[PDB]
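Below are the chains, spelled out letter by letter.
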Amino acid sequence: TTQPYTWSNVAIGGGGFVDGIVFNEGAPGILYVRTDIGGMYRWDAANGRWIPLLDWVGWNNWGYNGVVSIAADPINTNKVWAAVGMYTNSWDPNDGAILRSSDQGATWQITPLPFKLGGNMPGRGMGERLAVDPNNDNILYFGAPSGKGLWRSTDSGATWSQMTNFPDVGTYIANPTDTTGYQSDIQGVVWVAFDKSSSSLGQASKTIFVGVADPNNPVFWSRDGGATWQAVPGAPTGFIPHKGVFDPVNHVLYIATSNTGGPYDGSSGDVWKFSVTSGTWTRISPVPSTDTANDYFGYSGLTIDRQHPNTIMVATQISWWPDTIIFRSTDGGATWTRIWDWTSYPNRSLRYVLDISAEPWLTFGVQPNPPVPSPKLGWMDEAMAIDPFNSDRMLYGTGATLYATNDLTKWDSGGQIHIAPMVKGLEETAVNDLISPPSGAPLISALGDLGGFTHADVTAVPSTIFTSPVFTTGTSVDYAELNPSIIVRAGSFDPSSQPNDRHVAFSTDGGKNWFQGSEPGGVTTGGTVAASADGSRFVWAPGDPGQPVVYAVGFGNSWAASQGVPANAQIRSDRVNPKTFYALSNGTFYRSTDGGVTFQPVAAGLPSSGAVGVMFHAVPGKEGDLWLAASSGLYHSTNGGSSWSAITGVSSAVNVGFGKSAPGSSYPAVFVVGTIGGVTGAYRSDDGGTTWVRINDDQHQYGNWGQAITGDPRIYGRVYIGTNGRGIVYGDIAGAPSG
Ligand SMILES: [K+]
Ligand SMILES: [K+]
Ligand SMILES: [K+]
Ligand code: NA
Ligand code: NA
Ligand code: NA
Ligand code: NA
Ligand code: NA
Ligand code: NA
């Protein structure tokens, strides 16, 4: 049974790291971006929006939203490829793949690779790893991580094998002692740049450069179309090349280097040019690494203006304070100017005007504090690209958004360029928790990096992230079910930089304004929080490992330890009885009936394994009525957790929530991301779990989604589902069910 639905994103706009930008060099108006956890997009200029291309990716192949590299075919501009896969350690159970499309990513074919890829690993801002030969589109190269070396396809990306003659698989490892495998992987072969001049169309390009993450040997080349390879003689040492771009008009290679792989660091590095004709390397760094006093950054975001290839740009990788710097040269690197300069301290002259009218929350809840701007130009600007058909258009990514200008050449004439977010249709947040209260705002969200929002209108970008306090990352939100103006949120931030602020905070006006009391010592992460049905008391399991579960009678006025419940348990409140709280920890279920003061175990040997951890939740209006989502099934208790029953027909559930009952039912509608009849997706039941209807489809899957889910108690059929890198999606009924 299926039901047609309409799916949309809650309006936020960007919110994550956009770590590559690829224009097609073959025809105008063809532009793609990649993200680390949130797929890739194509720019739709007619409608002024980004179109997501990988939302067909689901739970079975969820790593494919980790986009390692994009190549765009300049001979047949309908063609585009992507390298995909998210981690190279145990955290992604699947190998990566090369995806190919002949309709600009509307549809794709998949070739899995025999090894994992690192879309969300260290070094992900380096690239592009994947490249198409601009003289023969049958031929592609891919620089692989993990010591897999350099790969090639000679059938336009359908099949791949290793170039076993390539002499250096990479040596650089960010932290070889990391036993999780996250920092300890070889970063590998990091970009391929063709010399289009080195052949005529219809014949493979003979001269190929390859960037390698090996500070002693950062660049290799071939002159015979890959039959033989050598280190480019005289290549500079000591740094990893984030970027390599060839200019076949003047016959030079440009590289931008840093002492780390990025994307969060980089404290020294250089920009160099290599002349094919003379063999001469020329250092062209705006601030050279040999100027140890002043060079506090490496370099990345390397781009050439293809209409005027003496024009090149680069960005600091990385300058945290006072802001990033973006540099421009209109003479091949001989001289540079910058996007801002010191005048006399803390004053600066700016070559730009930054307008965040469409994305006002980008101040991150903080006023400008000279010399520090708010909003900032950016940070983690590994990606930057001038449009190869329009010198005035340039984009650059940051850790939180994508910025663009359409008047770039005003820079050269002594004016200010105009920069603004370019994120319509691009939603890249990672969602930890969601509530839809029965009065006030429709939706309050707990998000990675932004903290979260009170969303007055899910179609309108909010004005501000949560403030007083600002959270770096929101982990949990709740409301008092019978006093729904009372809201509680918990979250994560470094205490040393916010000592007046707390990791748990409150509102009595439905999330419009917040306030805070106290907290236990040593809290840095949010964990889970639960509000009593009357809003008079709260039970909180702070996030740091081993923090005792605590309760407050009041708004965090003061906290005392809850007896009988393990640190870091998942805490929920009953939606009816203001003195009843529940917890789940390592297969044991606990209940308190004295408002969180004491808990006792009431069931055990329960599910502890789930795709987003085991989730459970209490039902509005039904005392003691609990639903629990786990890898082995969806389970239901009607006696406060003392006993549980499998819901027949659901083989697995990621998460469960509730919304407004159907006409003629007095039970809330139940929504799950789960598996029914061998099909994983979103489902709603209007009769208390007896029957289920599928409410999404195979084009609307969103990968590892379901960390958060809630229905809307004011809108029958409406569901809000958190994703991990595609923001908050929501669904409405758009038709009658099939049966
Ligand atoms: K949107
Ligand atoms: K040039
Ligand atoms: K609700
Ligand atoms: Na990220
Ligand atoms: Na490895
Ligand atoms: Na730095
Ligand atoms: Na256990
Ligand atoms: Na236990
Ligand atoms: Na009803």
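Residues numbered from 1 in each chain as written, not as in the entry; some residues may be left out. Chains lettered and ligands numbered in written order. Heavy atoms only, no water.

Looking up the protein in the PDB entry gives the name Cellulose-binding, family II, with the organism given as Acidothermus cellulolyticus. Looking at the PDB record, one finds the entry titled "The structure of Acidothermus cellulolyticus family 74 glycoside hydrolase". UniProt, in the comment section headed Sequence similarities (unreviewed entry), describes the protein in these words: "Belongs to the glycosyl hydrolase 74 family." (UniProt positions renumbered as here; feature names shortened; annotations may be inferred.)

Trainee: Just give me the short version of the packing of aromatic side chains, but keep the residues and values in it.
Mentor: Going through the model one piece at a time under the given rule, you end up with 44 aromatic pairs. Both rings, one in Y396 and one in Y403, keep their centres 5.6 Å apart while their planes meet at 40 degrees; by these two values the pair is tilted. Each of the two residues, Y396 as well as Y403, counts as buried. Site record: aromatic cluster; members linked through ring pairs are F209, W221, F246, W272, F274 and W281. Its guanidinium or amino end placed over the ring of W340, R348 lies 4.8 Å from that ring's centre, counting from NZ or CZ. A cation over a ring is seen here: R489 above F471, with NZ or CZ 4.4 Å from the ring centre. (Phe/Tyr/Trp six-rings, centres within 6.5 Å; stacked < 30°, edge-to-face > 60°. Buried < 20%, exposed > 50% of the residue type's maximum accessible area, 1.4 Å probe, protein only. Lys NZ or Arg CZ within 6 Å of the ring centre and 35° of its normal.)

Trainee: Kindly report on the environment of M40, identifying the contributing residues and their values.
Mentor: The topology assignment puts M40 in strand β4 (residues 40–44). A sequence separation of 12 residues divides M40 from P52, and the C-alpha atoms of the two residues are 5.9 Å apart. Filtering out sequence-adjacent residues up to four positions away, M40 remains in contact with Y32, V33, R34, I51, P52, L53, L54, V67, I70, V80, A82 and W108. (Helix = DSSP H or I, 4+ residues; strand = E, 2+ residues; numbered from the N terminus. Contact = heavy atoms within 4.5 Å.)

Trainee: With reference to specific residues and values, describe unusual backbone geometry.
Mentor: Following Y345, the chain continues to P346 via a peptide bond in cis, the omega torsion being 5 degrees. Looking at where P346 falls in the secondary structure, it is placed in the loop between β26 (340–342) and β27 (348–350). Here the amide bond leading from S374 into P375 is cis, since omega sits at 5 degrees, within 30 degrees of zero. We note that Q104 has phi near 60 degrees; this positive angle belongs to a residue other than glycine. Tracing the backbone through its elements, the reader meets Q104 in the loop between β8 (97–101) and β9 (109–112). Here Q104 falls in the partly exposed class, since its relative accessible area comes to 22%. Even without being a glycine, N568 presents a positive backbone phi close to 65 degrees.

Trainee: Please give an account of the sheet that holds strand β14 (residues 189–194) that cites residues and values.
Mentor: Strands sit in the order β14-β15-β16-β17 across an open sheet of four strands; the sheet is antiparallel. Every interior strand has two partners, whereas the edge strands, β14 and β17 (230–231), have only one. Two elements, strand β15 (residues 208–212) and strand β16 (residues 219–222), share four bridges in a ladder whose sense is antiparallel. Bridge assignment links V210 to a residue of β16, and that residue is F220. (Pairing = 2+ DSSP bridges.)

Trainee: An account of the sheet that holds strand β40 (residues 538–541) is needed here, citing residue identities and associated values.
Mentor: If you trace the four strands from one edge of the open sheet to the other, you get β39-β40-β41-β42, paired in antiparallel fashion. Looking at strand neighbours, the two that pair on one side only are β39 (528–531) and β42 (560–561), the edges of this open sheet. Bridge count between β40 and strand β41 (residues 550–552): three bridges; the pairing is antiparallel. Note that in β41 the partner of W540 across the bridge is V550.

Trainee: Account for the environment of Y635, with residues named and values stated.
Mentor: Within the element layout of this structure, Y635 appears in strand β49 (residues 633–637). Spatially, the C-alpha atoms of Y635 and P438 are 25 Å apart, while their sequence positions differ by 197 residues. Among residues more than four places away in sequence, those in contact with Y635 are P607, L626, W627, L628, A630, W644, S645 and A646.

Trainee: Give me the lowdown on the pattern of salt bridges, citing residues and values where you can.
Mentor: Under the definition given, this model contains 16 salt bridges. Here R283 and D270 are joined by a salt bridge, their closest N and O atoms 2.9 Å apart. You can see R283 sitting in strand β21 (residues 281–283) and its partner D270 sitting in the loop between β19 (252–258) and β20 (271–275), a full 13 residues away along the chain. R283 gets classed as partly exposed once you look at its relative accessible area, which sits at 35%. For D270, a relative accessible area of 1% gives the class buried. Here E481 makes a salt bridge to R575, at a shortest N to O gap of 2.8 Å. Separated by 94 residues along the polypeptide, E481 in the loop between β36 (473–479) and β37 (487–492) and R575 in the loop between β43 (570–573) and β44 (581–585) bring together distant segments of the chain. Through salt bridges with shared partners, a single network forms among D19, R34 and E128. (Salt bridge = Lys/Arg side-chain N within 4 Å of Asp/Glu carboxyl O.)

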